[PDB]
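In: Experimental coordinates for this protein are included below, preceded by the sequence.
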Amino acid sequence: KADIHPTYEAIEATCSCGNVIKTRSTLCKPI
Amino acid sequence: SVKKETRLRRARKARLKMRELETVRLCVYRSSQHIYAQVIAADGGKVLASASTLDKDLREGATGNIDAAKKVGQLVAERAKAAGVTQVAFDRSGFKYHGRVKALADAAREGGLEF
Amino acid sequence: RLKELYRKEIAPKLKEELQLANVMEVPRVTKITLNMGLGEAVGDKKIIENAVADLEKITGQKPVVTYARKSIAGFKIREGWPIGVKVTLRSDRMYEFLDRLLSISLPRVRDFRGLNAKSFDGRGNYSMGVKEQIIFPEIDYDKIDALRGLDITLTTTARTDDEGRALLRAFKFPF
Amino acid sequence: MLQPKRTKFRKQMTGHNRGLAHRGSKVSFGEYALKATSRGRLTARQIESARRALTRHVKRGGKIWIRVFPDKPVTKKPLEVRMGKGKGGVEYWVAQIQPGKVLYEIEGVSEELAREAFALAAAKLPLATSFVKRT
Amino acid sequence: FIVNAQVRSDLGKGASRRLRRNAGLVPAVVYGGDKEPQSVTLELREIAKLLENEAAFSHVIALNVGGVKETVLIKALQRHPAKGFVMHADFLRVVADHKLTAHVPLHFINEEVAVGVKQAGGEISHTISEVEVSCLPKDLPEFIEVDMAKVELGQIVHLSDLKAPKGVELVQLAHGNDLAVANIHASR
Amino acid sequence: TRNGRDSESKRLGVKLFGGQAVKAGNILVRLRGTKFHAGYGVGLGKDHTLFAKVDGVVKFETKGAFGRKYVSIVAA
RNA sequence: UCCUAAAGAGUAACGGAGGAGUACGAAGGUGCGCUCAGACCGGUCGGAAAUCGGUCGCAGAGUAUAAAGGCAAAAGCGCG
RNA sequence: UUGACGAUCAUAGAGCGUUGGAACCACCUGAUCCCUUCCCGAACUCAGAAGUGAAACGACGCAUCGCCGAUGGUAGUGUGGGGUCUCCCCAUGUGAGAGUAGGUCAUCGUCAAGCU
C-alpha cells in the first residue's frame, strides 16, 4: 500500500559516514 | 499442505449447493504452469467434456498466461455444444474470480455456451 | 546489503559446516514481528498515539494496535482496549532493518547487550527485549516523554536451536 | 462419617435393589474378605461400628480396605406432621448391598486370627456375610 | 491333570440350566487356533479337584472329549457370584506354534528374614499377584519366585527387578509401563 | 423453595416412517435442531422442520463422514 | 426447559431442580474472507496470569438472554 | 508412471520407516504491470523460469496405539403358572453389554494422461 511512510531514503543513506555522527566507521563493537 | 486444503475448505460450499440443484457443473483447476477445465455431469462422477492445455496439439511452451487461458475456455465451449450441453454452473473451486480464472469464463460466454 | 552478503558468502559457508545435503535445508531468517508495549497505564488510552508515532518513525510501516482478548494479569481491562503495536517486517526491508541493529546499535548500548543473558526456544527462534536507545536512521532521540520499551522477537527457519546459533554468527552476536 | 464432599443435587429417589453382584464380588487387594450373601442397605454408622471392631482385634499390623461407600441420601419427615407438604430433610446416608458384594478386606495376618475378627464385624452388620479367600 | 468330557448338543438358557440341577454338569467350550469351536459338558465334581489345585491354572491339561484327546490350557472361569461355584469353563486348544497368553502365580519365597523386617520394624505388603505370561507352549512357567529378603525398609519393588526365566517376556513391559510389586514399610 | 411449574409438552416426534407415501407439504419430522438432516428431496424449514417437496417413499439413510442422518424421499 | 414419564404422542402430586412479563436499524440481508479454549518454552518496568513468537491442539471455547437439543455449506468471528 | 472429479466413511485412522522426479506437482525468482495487506507480495494475484524433491505430496513397508470382532455363557424381558411373595423360581418364545480366539497399513468408478 501507500500508508507506510518512508524514512528509507535515509535508511539507504551513507553507511560508512565517518565516526562523527555514527561515532564509528572503524569498528562495530563499542569495545 | 497449507494452501491446498484451505482452498478445498473454500470450495466445498458452492460445490455442494450445485449438487442439490442438479446442474451440469463446469469445474476448473489452476496450477503455476497451466490451467485445466472440465464439465462434470449431474452426479459428480461422470465427465462429459474436458479441455486442457496439456493436449498434445496445443502445448506452446508459454501456457499459464492470461492469453493462454483465453484459448482454453474457447475450446471447451464447443465440445459441450458438440455434446449438447447448455444451462451450466461455474464452480471457481476456491479461486478468487479475478485473473486467469475470470478470463477463461469470459471465453465460455463468447463461445455460445451460456450460464 | 546483508541480503547479498548472505546469498553469496554465508549461504555456501554454512552448507558444509552443518554438513547439509542441498540448498534448501540451509536456514533463513523470515520475519520480525518484534513487539511493542505491554499496557502500562493505558486505562486512559492517550499514550498510544505517542507510542504509535515512536515505532512508525523508526521502522517505516504503521502500527496495528492490538486489543485485549480476555485480561486478568494485572488488571481488568474490559477487553477491547488499545494495548499493543505489533509491527511485522519482511524480506526486502527486513535485511535493511537488521543492519541498524548490532552494527550501529552497539554504540548506543554501552554494556554489551547481545546474547549475554538470553537463550532460544526449542524450535529455533530468538527473542530479546530492549529498554535503552537503539540507533535511529533519522535523528529522533530527544522526543521528551516517558520512553516505553519494546522487544526484538525474531523468527528463523531452523529446526533445532544449535542451527539458530550458527545462523548469522557471521553477523557477530556478542556472546 | 463417610459421605461425599459436595453433591450435585440434594435429594434422590428411592428406586429398587435388584440383581446379583457380578462386579464387586472378586477379592482384589487383601487375601481374606467378608462378602455379603443377603441384600440390604447399610447406613454409614454401621460401617464405623464394624471398622472399629476389626482395628482393635488386630492391634499389631495388617492393612484394612473398605470397599463400599455410602452416597445415597435418605430423608425422614419430623414427628407430628401431616403428610404432603414437601419432602423431609436428609438425616443419613446409605450404601446398597446385593448378594456377592465384598465388604471388607484384610491381609498381613493369620487366617485364624482374621476368621475370628470378621466374626466381630459381622455381629454389627444387618446382613448374612461369609468368609472367602483370594484366588 | 486329566479331565474327560462329552458333546452337549443342546444350546440355550433352558437346556443350560437343566444341566446344572438335574445332572450336576457344567457346560464348556473348546476353541483353538486350527479348528472350529466345540461345546462340551463336564462335571462339577471333577473341575472341583482341578480348581482346588495350585498351579493348575498355568499348566497344560489333557482333555478327553469323546475318545478325542487334546492338550488344553484354561483361560476363563465364569463363576456364580452369590453362592460360589463353577459355571461354564471356556478353555483353549494348544498349538505347537502360536505364542500363547496365560496368568502365573507368584510366591514371594524368602521373606522370613528381611533387612527391612529384622533391623527396622518391618512389614511386607504384596500389592500384585497373578502376573501374566507370554511364552512358548513347549516349556511352561508354573510360577515365579520373588525374594524380598534383601534390601531395605522403604523400597518398593518393580516388575523390572524380578526376572522371567528361560526367555519369557512380560506384557506389562511390552506396554510402556512398569508396575510396582511389593513394598516394605513401617507399621502403625 | 416451592417448585411446581412445568410446561405444556409441544408434541414433538417423527411422523411418516420407513415405507410411507407422501405428498408435497407433509412434515415427516418436527424436530429440535437437526437430529435428522435434509436429504435428497426434503426441505428443512425455519425451526428445522423437515418437509417434502416431491412425491414418493421416505428412506431414513445414514451417509457420509460425520455419520449424519439423511432423510431422503425416493421416487419409488 | 429438564426429571418423574414405562426406547412413538400423551400423562398426576402443597413431587424434585431452574428461568421469562425483554433486547437489536445491526445483534437483520448478501457477497467475500477466517478459526477455539487451554498446555506448555522464549521474551522490556505486568508477571500465578495483559501484549508478541512459537510448537502441541483435534470444540474440552463460542451462541444477546435459563436449561435442553444442536452447529465445517460452520448456525461461531471479521470487512464491503 | 500422474493429475482432476467422485463412490464408501476408521478392517479406510495415527505413529514409525523407506522412497519418487525433470512428464506432472510443489517449493522457487521478481512485483514493473492486474491486484492485495485495519502493518507486511505471509495469504491473495500477475509475469516467469533457472534451482530443488529438502520441506510438502504420493507410493511402498511395520499391528507398536487405535478400530472392527467371533462361539459359548450370562443379565434382562413377552405370554402361561408358581413359591418361603420389599425378591426370585418353572414351562415356552427371545437374547445383549462387557470380555476371549482373532482381525485390519482399505476397496472401487469417470476422464485427461505413463507399458498402457
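Out: Yep, that arrived. Numbering: from 1, shown residues only, chains lettered A, B, ... in the order given.

In: Wait, residue F:30 touches residue F:16, no?
Out: No - with contact defined as C-beta atoms under 8 Å, residue F:30 does not reach residue F:16; the gap is 11.4 Å. For every residue, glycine as well, the C-beta is placed using N, CA and C.

In: quick one, which of these two is more surrounded?
Out: residue F:16 (19 against 15; other C-beta atoms under 10 Å in any protein chain shown).

In: what separates residue B:5 from residue B:94, distance-wise?
Out: 10 Å (C-beta to C-beta, to the nearest Å).

In: Relative to RNA strand H, which residue of chain B is the closest?
Out: residue B:99 (2.2 Å; C-beta to the nearest atom of the strand).

In: Report the contact partners of that residue.
Out: residue B:66 (C-beta atoms under 8 Å, 6 or more residues apart in numbering or on different chains).

In: at 10 Å what do you get?
Out: B:30, B:66, B:69 (C-beta atoms under 10 Å, 6 or more residues apart in numbering or on different chains).

In: Just list the residues touching the second one, thanks.
Out: Just to be clear, that refers to residue B:66. B:35, B:99, B:100, B:101, B:102, B:103, B:104 are the contacts of residue B:66 under C-beta under 10 Å, 6+ apart.

In: contacts for the helix or strand harbouring residue D:56?
Out: Under the criterion of DSSP states H and E, residue D:56 resides in helix D:46-58. By C-beta under 10 Å, 6+ apart, the residues outside helix D:46-58 that reach it are D:1-2, D:34, D:42, D:62, D:64, D:66, D:68-70, D:93, D:95, D:103-104, D:106, D:108-109, D:113-114, D:116-127, D:129, E:188.

In: how far away is the nearest residue to residue C:48 once chain neighbours are set aside from residue C:49?
Out: Once flanking residues are discounted, residue C:48 sits nearest to residue C:82: 4.8 Å by C-beta to C-beta, 6 or more residues apart in numbering or on different chains. Note on residue C:82: its distance to residue C:49, by C-beta to C-beta, is 9 Å.

In: Residue F:76 is in contact with residue F:54, isn't it?
Out: No - with contact defined as C-beta atoms under 10 Å, residue F:76 does not count as touching residue F:54 (11.7 Å).

In: Looking at these two, which has the bigger crowd around it?
Out: residue F:54 (13 against 7).

In: isn't there a helix covering the more buried one?
Out: No - applying DSSP: H, G, I helix; E, B strand; the rest coil, one finds residue F:54 to be coil, outside a helix.

In: So it sits against residue F:22, correct?
Out: Yes - using C-beta under 10 Å, residue F:54 is in contact with residue F:22, at 8.5 Å.

In: anything in contact with each of the two?
Out: Counting by C-beta under 10 Å, 6+ apart, the residues touching both residue F:54 and residue F:22 are F:41, F:42, F:73.

In: Would you mind giving these as a markdown table with neighbour count added?
Out: What follows is the shared contacts of residue F:54 and residue F:22, written out as a markdown table (neighbours: other C-beta atoms under 10 Å in any protein chain shown):
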| residue | neighbour count |
| --- | --- |
| F:41 | 18 |
| F:42 | 24 |
| F:73 | 23 |
